[PDB]
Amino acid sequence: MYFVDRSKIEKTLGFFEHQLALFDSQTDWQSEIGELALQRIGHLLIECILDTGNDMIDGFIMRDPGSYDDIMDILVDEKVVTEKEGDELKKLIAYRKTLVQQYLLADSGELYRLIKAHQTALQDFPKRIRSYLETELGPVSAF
């Protein structure tokens, strides 16, 4: 019934958690080098959420997203994450265009505050995904 790219998802969740751990580390984000590292972390956190969300939606025959911005709303509808978690994650996702397209405008202090403000929802995201996977597919299989 469901063909879920579980290897890809669980891979990307591990990667995500590593980057979050690094965010929670004792850096100097105010460095030059610190600013650049924080931009990469922000970009990676966002991409991992979007990619995982797409893989979830495709695998579990959820409503198709019109744009990457619709992904969280669908995960909320499907009770993958809470409404409040979804709204919080959306606020970080809204930074994507600045990071990838309007990069002259990227502001690492702003981005720090954004990630910090939603750190609990970020930490919980892999847990939500894994619980859903375990509930729907069991402990081992992608199908």
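Heads up: residue numbers just count along the shown sequence, starting at 1.
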Using the B-factors recorded in the PDB entry, average over the C-alpha atoms of 121 to 129 and of 20 to 28, then report which stretch comes out higher.
20 to 28
Mean CA B-factor: is it higher for 44 to 52 or for 60 to 68?
60 to 68
Ranked C-alpha temperature factor of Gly109 among modelled chain residues, by third
middle
Chain thirds of CA B-factor: placement of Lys91:
middle
